[PDB]
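# Analysis of the macromolecular model
The primary structure of each chain is shown beneath.
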Number of protein chains: 2
Amino acid sequence: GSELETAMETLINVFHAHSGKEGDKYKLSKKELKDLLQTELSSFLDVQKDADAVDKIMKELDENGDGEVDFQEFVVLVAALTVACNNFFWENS
Amino acid sequence: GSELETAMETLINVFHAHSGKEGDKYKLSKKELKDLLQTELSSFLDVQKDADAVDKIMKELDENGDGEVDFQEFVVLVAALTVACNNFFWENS
Ligand SMILES: [Ca+2]
Ligand SMILES: [Ca+2]
Ligand SMILES: [Ca+2]
Ligand SMILES: [Ca+2]
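- As deposited, the entry is annotated with solution NMR as its determination method.

- Taking the PDB entry as the reference, chain A is identified by name as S-100 protein, alpha chain belonging to Rattus norvegicus.

### Quick look at the coordination of the calcium ion (ligand 3)
All names here are of chain B.
- Bound to the calcium ion (ligand 3) on the protein side are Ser19 (O), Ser19 (OG), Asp24 (O), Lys27 (O), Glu32 (OE) and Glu32 (OE), at distances that span 1.9 to 3.0 Å.
- Around the calcium ion (ligand 3), the six donor atoms are arranged such that angles at the metal cover 45 to 141°; this shape is classified as irregular.
- All donors to the calcium ion (ligand 3) come from one chain, and their sequence spacing reads S-x4-D-x2-K-x4-E.

### As for the relation of the copies chain A and chain B
- Aligned on chain B, chain A shows an RMSD of 0.0 Å; the corresponding rotation is 180° and the shift along the axis is 0.0 Å. Taken together, the rotation and translation describe the operation of a two-fold axis. In terms of C-alpha distance to the rotation axis, chain A has A:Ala7 as its closest residue, with the C-alpha 2.1 Å off the axis.
- Here 100% of the interface residues in chain A have copies in chain B that are interface residues too; the copies meet face to matching face.

### Comments concerning empty space enclosed by the protein
- A complete count under the given rule lists one cavity of 30 Å³ or more for this structure.
- Elements with a minimum of two residues in the lining of the largest cavity: α1 (3–18), α2 (30–40) and α4 (72–91) of chain A together with α1 (3–18), α2 (30–40) and α4 (72–91) of chain B.
- In the lining of the largest cavity, the residues fall into 32 nonpolar, two polar and no charged.

### Regarding the UniProt feature "domain: EF-hand" in chain A
All names here are of chain A.
- The positions that UniProt labels "domain: EF-hand" are, in the present scheme, residues 12–47 and 49–84.
- Summarising residues 12–47: 50% helix, 6% strand, and an end-to-end C-alpha distance of 20 Å.
- A helix fraction of 67% and a strand fraction of 6% characterise residues 49–84, whose end C-alpha atoms lie 20 Å from each other.

### Let's talk about the packing of α1(B) against α2(B)
Residues and elements named next belong to chain B.
- Two elements in contact, α1 and α2, have axes whose closest approach is 9 Å; the angle formed by their N-to-C orientations is 130°. Between α1 and α2, the interaxial angle falls into the category oblique. Relative to α2, α1 is oriented so that their crossing is right-handed. Only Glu32, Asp35, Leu36, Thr39 and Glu40 of α2 make contact with α1, whose side of the interface consists of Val14, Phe15 and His18.
- Looking at the contact of α1 with α2, its residues break down into three nonpolar, two polar and three charged.

### Concerning the pattern of salt bridges
All names here are of chain A.
- All chains considered together, the criterion is met by six salt bridges over all chains.
- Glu22 is the salt-bridge partner of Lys31, the closest N and O atoms lying 3.7 Å from each other.
- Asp46 serves as the salt-bridge partner of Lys49, at 3.4 Å between the closest nitrogen and oxygen.
- We classify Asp46 as partly exposed; its relative accessible area is 40%.

### Considering the coordination of the calcium ion (ligand 1)
Residue and element names in this part refer to chain A.
- Listed as protein donors to the calcium ion (ligand 1) are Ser19 (O), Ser19 (OG), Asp24 (O), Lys27 (O), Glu32 (OE) and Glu32 (OE); their distances from the metal cover 1.9 to 2.9 Å.
- The site at the calcium ion (ligand 1) holds six donor atoms, and with the angles between them running 46 to 146°, its shape is irregular.
- All donors of the calcium ion (ligand 1) come from a single chain, and their spacing in sequence reads S-x4-D-x2-K-x4-E. Of this pair, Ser19 sits in the loop between α1 and β1 (28–29) while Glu32 sits in helix α2, and the two are 13 residues apart along the sequence.
- Judged by its relative accessible area of 1%, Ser19 is buried.

Analysis parameters
- Residues numbered from 1 in each chain as written, not as in the entry; some residues may be left out.
- Chains lettered and ligands numbered in written order.
- Heavy atoms only, no water.
- Donors = N, O, S within 2.8 Å, 3.2 Å for Na, K, Ca; no water.
- Tetrahedral: all angles 85-135°; square planar, octahedral: opposite > 155°, others 65-115°.
- Least-squares fit on C-alpha atoms.
- Contact = heavy atoms within 4.5 Å.
- 1 Å grid on protein atoms, 1.4 Å probe; cavity = no way out; pocket = protein on both sides within 12 Å on 5 of 7 lines; lining within 4 Å.
- Points joined across faces, edges and corners; volume = space filled by probe spheres on them.
- Helix = DSSP H or I, 4+ residues; strand = E, 2+ residues; numbered from the N terminus.
- Nonpolar A, V, L, I, M, F, W, Y, C, P; charged D, E, K, R; others polar.
- UniProt positions renumbered as here; feature names shortened; annotations may be inferred.
- Axes fitted to C-alpha atoms, helices over the stretch in contact; angles between N-to-C directions.
- Parallel < 35°, antiparallel > 145°, perpendicular 65-115°, else oblique.
- Left-handed = near helix turned anticlockwise from the far one by under 90°.
- Salt bridge = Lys/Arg side-chain N within 4 Å of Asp/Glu carboxyl O.
- Buried < 20%, exposed > 50% of the residue type's maximum accessible area, 1.4 Å probe, protein only.

Below, the structure is given as structure tokens:
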């Protein structure tokens, strides 16, 4: 099946849906990623309600203080945090 | 939309489709991950043709030499490698 493959194609499409909407299509930005999580992962990855949560999240990515992200840094950080949350409910049954 | 959200639900379902098929449903294994990539990401992440490629890939994950993976280690390693490949074709246009 393409279920797992479809997983890579989908995050890449929404990624180019908002990332290229700001014009900076060659680099991601702090506001661009804010839209992607609050759009489909708002309930899981809290972010829209805690705007401070997005400043902290980009800080690990923008460790360079570039206020911009290379998108690759983003996938590794949120990938581990959300995956851990699913096991959190399963751990207590 | 749930396109990005659907991305997390799909890799998690196939993950529990083969991971729980070996009985070791509490921990992933070297053969379990081999099936997930060769099943839907065979063409992108070469693996089935280069069985040596799977030994090397788990080595970074099983840096502990446990021949077993915590699944979380897996998502971060293959997440960055496949994402980079998509930009490889885009970089040369
Ligand atoms: Ca962008
Ligand atoms: Ca950055
Ligand atoms: Ca398993
Ligand atoms: Ca491991």
